[PDB]
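This report refers to the structure that appears directly beneath it.
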Amino acid sequence: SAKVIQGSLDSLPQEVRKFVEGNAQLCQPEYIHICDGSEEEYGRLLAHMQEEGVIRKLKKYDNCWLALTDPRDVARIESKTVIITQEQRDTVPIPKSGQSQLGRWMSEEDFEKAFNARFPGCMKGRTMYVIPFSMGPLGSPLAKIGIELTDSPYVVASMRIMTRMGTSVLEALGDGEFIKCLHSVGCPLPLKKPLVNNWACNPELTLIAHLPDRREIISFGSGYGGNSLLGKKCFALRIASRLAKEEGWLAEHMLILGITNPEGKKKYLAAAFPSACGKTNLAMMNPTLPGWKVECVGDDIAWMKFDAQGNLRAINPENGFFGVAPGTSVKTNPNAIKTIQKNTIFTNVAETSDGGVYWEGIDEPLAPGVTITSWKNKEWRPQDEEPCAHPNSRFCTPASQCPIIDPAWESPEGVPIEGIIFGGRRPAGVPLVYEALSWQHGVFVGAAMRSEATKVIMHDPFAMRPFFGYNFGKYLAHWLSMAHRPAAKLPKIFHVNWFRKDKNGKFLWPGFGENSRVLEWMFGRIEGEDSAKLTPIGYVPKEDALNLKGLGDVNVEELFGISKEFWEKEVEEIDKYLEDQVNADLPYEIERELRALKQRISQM
Ligand SMILES: Nc1nc2c(ncn2[C@@H]2O[C@H](COP(=O)(O)OP(=O)(O)O)[C@@H](O)[C@H]2O)c(=O)[nH]1
Ligand SMILES: [Mn+2]
Ligand SMILES: [Mn+2]
Ligand code: NA
């Protein structure tokens, strides 16, 4: 109580009080700031970080900010990310011959050692911020509350954008369940190691842990993104996927968009692509086809549940976009360009001398006079060796500012999903687009997903490889079980490939807003249109079914080319992968789909 500098311990729901005070006794913060989520709290905290050189203000824009990190702490790190369960098998399938790549289990005993070696006294001299936050619209029956303790002001500010945060959240929680989220940069005062670029972090000791059985996320040593903004990956994919398994719903690495045709008919679609494969870009697409409209519900994470009527309802549980900045240009994503010019926090991009932002791929000239400070706080010119922005640099921006944010983006009941799309980067062999033969086939298609690393072609089932909160075999069984709900309206499932390249490494499909031509065919297919031709991998568009006018040289034969040699190779790789990685936990229906694809290919 003596150390509370905002709010009141007496005021917290009892269980929230125990969490705060228990971890205060452990971490030894100098003060405790219970966040209220107010504009005043936000602005004062921003100005404070500014005074201290933790952030700089971008004067070219309205209320925007730039943080530059320790180059040791620049990304979410999978090698340091663990899930603790009594049994390894509940976390990952026990692989047949190899090491698992579907999760990273740590015993409770090992974790307890790691914890006791990190957290005691870790917030000495620092403020513990208490962040009460809702993943999902505040009223929604699909929403879940978390409380994050952190000693990073950069985390509080970013969480205000990426979640719904504040007092109204505590008042909505009452004596209900919440996910316990503990974070420390791991740099108690006085500092024992030198502070780099005013960015507190402890790389040697970084550890991002999930303890689903205790409803706890415990993360240490990193101030960055997914390691520190605990609502996003840790809560909304890892903890949630398991919660969803227990509760009958789904927590997925999916964008949600609403699409409207020239008649005004509207549908919602969800899509799972791995990072750097274009979700944010699709979710706020500027469609090239006249009359068509795409509206954004979320760009990263979907929580979905069948309602009493059998509609699959999806909410975006985030309150903002945490997008990769480099590659973002008016040509590629004009709506992201529009959103990020106010109330936005940037991380590890270059700064122009007039107080604007810059990054590789921004594809927009600088005025004669304007110079560039790189993300490493050094002067920079287009012919230095280093990129001006870090490749994983970011904007953190309010969802409500996207000029095409969907009008139901915050509806507490969610939006009805009629189609689910899978995809990644495949330079060869995979057509632009196909549609699954059935639900069980579609689940197989999700399971089989592969994507060029950003020359290796990696497996990334459902775009969830880094995020499974529990056994992936069980997660497949959970997806298959959806067909066994009597009322369920199972959405059509599609697979796309924006990235097939021709013989000289050039893209066959222009992509971007031209992807609206692919969405149109999907939409028509959901309505039951006779626009599909059967192939060994599923339905592809008929000849002339796609609107290809205005395109120029589009080699359709090569684009939808299905080679026997490639697909024989593809099934072997899928076969081996599923055998090793899922092994005893592979559902029968999946093996059956694998057998069936092998057989259809063998008849070519
Ligand atoms: N060639 C091509 N590139 C794309 C397309 N969509 C997105 N990209 C690029 O893919 C990279 C990642 O895009 P992004 O929206 O950040 O993907 P996310 O990480 O999944 O949200 C960016 O450089 C984009 O310019 C597309 O349709 N075609
Ligand atoms: Mn994205
Ligand atoms: Mn993501
Ligand atoms: Na800094």
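Just so we're on the same page: first chain in the structure tokens is A, next is B, and so on; residues restart at 1 for each chain, and ligands are numbered from 1 in the order they show up.
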
Subject >> Residues of range 317-560 of chain A in helix (DSSP H, G or I), written as an MDAnalysis selection string >> reply: chainID A and resid 334:339 399:401 439:447 461:463 472:484 512:526 556:559

**OP:** Extract, using only C-alpha atoms, all DNA, RNA and protein residues at most 7 Å from residue 67 in chain A, discarding same-chain residues fewer than 4 positions from it, and format them as a ChimeraX atom specification.
**Re:** /A:54-56,346-348

Can those selected residues be exported to a file as a JSON list (two decimals), in the first residue's frame so that it contains C-alpha atoms?
[["chain", "number", "residue", "atom", "x", "y", "z"],
["A", 54, "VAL", "CA", 13.66, 5.97, -24.07],
["A", 55, "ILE", "CA", 11.55, 7.28, -26.99],
["A", 56, "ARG", "CA", 11.72, 10.22, -29.36],
["A", 346, "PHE", "CA", 7.26, 2.86, -34.17],
["A", 347, "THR", "CA", 10.12, 0.56, -33.29],
["A", 348, "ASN", "CA", 13.51, 0.20, -35.07]]

**OP:** Go through the chains and note each residue within 8 Å of ligand 2, using only C-alpha atoms and all ligand atoms, then give the set as a PyMOL selection string.
**Re:** chain A and resi 275-276+278-281+299-300+321-324

Original post:
What lies within 7 Å of residue 389 in chain A using only C-alpha atoms, ignoring chain neighbours under 6 positions off, as a list in words?
Top reply: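 Skipping anything fewer than 6 positions along the chain leaves residues 348, 349, 350, 359, 360, 374 and 375 of chain A.
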
Subject >> Test item: residues no farther than 7 Å from ligand 4, counting only C-alpha atoms and all ligand atoms, as a list in words >> reply: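 If we count only C-alpha atoms and all ligand atoms, the neighbours of ligand 4 turn out to be residues 53, 54, 55, 67, 68, 69, 70, 197, 198 and 199 of chain A.
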
Original post:
Among range 39-114 of chain A, which ones does DSSP place in strand (DSSP E or B), written as a ChimeraX atom specification?
Top reply: /A:56-58,62,64-67,81-84,105-106

**OP:** Enumerate as a ChimeraX atom specification the residues within 12 Å of ligand 3, counting only C-alpha atoms and all ligand atoms.
**Re:** /A:76,225-226,232-234,236-237,252-255,271-280,298-302,318,321-324,392,462-467

Subject >> Separation of CA of residue 220 in chain A from CA of residue 204 in chain A, in Å and rounded to one decimal >> reply: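 Here the two named atoms are 10.2 Å from each other.
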
**OP:** Identify, on the basis of only C-alpha atoms, every residue whose closest approach to range 157-161 of chain A does not exceed 8 Å; exclude the query and any residue fewer than 3 positions from it along the same chain; express the result as a list in words.
**Re:** residues 37, 42, 45, 46, 153, 154, 164, 165, 229, 231, 319, 320, 345, 396, 397 and 398 of chain A

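Computed from the coordinates, the CA of residue 436 in chain A to CA of residue 538 in chain A distance equals 5.3 Å.
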
Original post:
With only C-alpha atoms as the basis for distance, which of A:115, A:507, A:380, A:523 is at the shortest distance from residue 420 in chain A?
Top reply: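 So, comparing all the options, the nearest one is A:523.
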
Write out as a compact mmCIF listing (two decimals) with N, CA and C atoms, in the first residue's frame the residues lying within 10 Å of residue 92 in chain A, counting only C-alpha atoms and excluding same-chain residues fewer than 2 positions away.
# COMPACT_ATOMS: atom_id res chain seq x y z
N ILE A 83 6.66 -23.99 -23.07
CA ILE A 83 5.41 -24.28 -22.39
C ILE A 83 5.62 -25.39 -21.35
N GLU A 87 3.23 -33.26 -18.23
CA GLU A 87 3.63 -34.24 -19.23
C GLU A 87 4.00 -33.58 -20.54
N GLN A 88 5.15 -33.96 -21.09
CA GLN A 88 5.59 -33.39 -22.36
C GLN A 88 4.55 -33.59 -23.49
N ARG A 89 3.87 -34.73 -23.47
CA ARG A 89 2.95 -35.16 -24.54
C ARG A 89 1.70 -34.27 -24.67
N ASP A 90 1.33 -33.59 -23.60
CA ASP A 90 0.21 -32.68 -23.61
C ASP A 90 0.60 -31.38 -24.30
N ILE A 94 5.12 -36.64 -29.18
CA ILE A 94 6.46 -37.25 -29.07
C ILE A 94 6.87 -37.75 -30.46
N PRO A 95 7.89 -37.12 -31.05
CA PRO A 95 8.16 -37.35 -32.47
C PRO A 95 8.76 -38.73 -32.67
N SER A 100 11.17 -32.46 -31.77
CA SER A 100 9.93 -31.74 -32.12
C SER A 100 10.17 -30.32 -32.56
N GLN A 101 9.41 -29.92 -33.59
CA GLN A 101 9.42 -28.55 -34.06
C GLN A 101 8.03 -27.92 -33.93
N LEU A 102 7.18 -28.53 -33.11
CA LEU A 102 5.78 -28.13 -32.95
C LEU A 102 5.55 -27.47 -31.60
N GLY A 103 6.63 -27.23 -30.87
CA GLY A 103 6.54 -26.60 -29.56
C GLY A 103 7.87 -26.82 -28.88
N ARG A 104 8.01 -26.29 -27.67
CA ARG A 104 9.22 -26.51 -26.90
C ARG A 104 8.83 -26.66 -25.43
N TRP A 105 8.79 -27.89 -24.96
CA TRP A 105 8.37 -28.20 -23.59
C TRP A 105 9.52 -28.04 -22.60
N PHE A 468 1.42 -23.25 -31.10
CA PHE A 468 0.49 -24.25 -30.54
C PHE A 468 0.56 -24.23 -29.03
N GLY A 469 -0.59 -24.08 -28.36
CA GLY A 469 -0.60 -24.08 -26.90
C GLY A 469 -0.58 -25.48 -26.28
N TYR A 470 -0.72 -26.50 -27.13
CA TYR A 470 -0.82 -27.89 -26.70
C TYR A 470 -0.57 -28.80 -27.91
N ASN A 471 -0.65 -30.10 -27.68
CA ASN A 471 -0.37 -31.14 -28.66
C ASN A 471 -1.06 -30.92 -30.01
N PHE A 472 -0.27 -30.76 -31.08
CA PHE A 472 -0.79 -30.48 -32.41
C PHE A 472 -1.66 -31.63 -32.94
N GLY A 473 -1.33 -32.88 -32.63
CA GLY A 473 -2.22 -33.99 -32.99
C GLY A 473 -3.61 -33.74 -32.39
N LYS A 474 -3.66 -33.32 -31.12
CA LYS A 474 -4.93 -33.06 -30.44
C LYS A 474 -5.63 -31.87 -31.06
N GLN A 581 6.52 -35.92 -36.91
CA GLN A 581 6.19 -34.83 -35.99
C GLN A 581 4.90 -35.05 -35.19
N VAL A 582 3.98 -35.82 -35.74
CA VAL A 582 2.70 -36.02 -35.06
C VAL A 582 2.64 -37.47 -34.59
N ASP A 585 -0.10 -39.37 -32.37
CA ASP A 585 -1.25 -38.45 -32.17
C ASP A 585 -1.90 -38.00 -33.47

Subject >> Selected residue, from A:106, A:58, A:128, A:399, that lies nearest to residue 211 in chain A when counting only C-alpha atoms >> reply: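 So, comparing all the options, the nearest one is A:106.
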
Original post:
What does the distance between CA of residue 313 in chain A and CA of residue 481 in chain A come to in Å, to one decimal place?
Top reply: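 Going from CA of residue 313 in chain A over to CA of residue 481 in chain A covers 16.8 Å.
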
Subject >> Test item: residues at most 7 Å from residue 28 in chain A, only C-alpha atoms, excluding those fewer than 5 positions along its chain, as a list in words >> reply: residues 121, 122, 123 and 124 of chain A

**OP:** Quick one: everything within 12 Å of residue 434 in chain A, counting only C-alpha atoms, minus sequence neighbours fewer than 6 positions away in the same chain. Send it as number ranges by chain.
**Re:** A: 421-423, 441-442, 445, 492-497, 518-519, 521-522, 525, 531-542, 559-562

Original post:
In terms of the shortest atom-to-atom distance over only C-alpha atoms, which of A:417, A:131, A:209, A:145 is closest to residue 85 in chain A?
Top reply: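 Closest candidate: A:209.
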
Original post:
For residue 221 in chain A, which residue among A:238, A:118, A:592, A:33 is the nearest when counting only C-alpha atoms?
Top reply: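 Checking each of A:238, A:118, A:592, A:33 against residue 221 in chain A, counting only C-alpha atoms, the winner is A:118.
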
Original post:
A:513, A:505, A:334, A:22: which is nearest residue 403 in chain A, counting only C-alpha atoms?
Top reply: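 So, comparing all the options, the nearest one is A:334.
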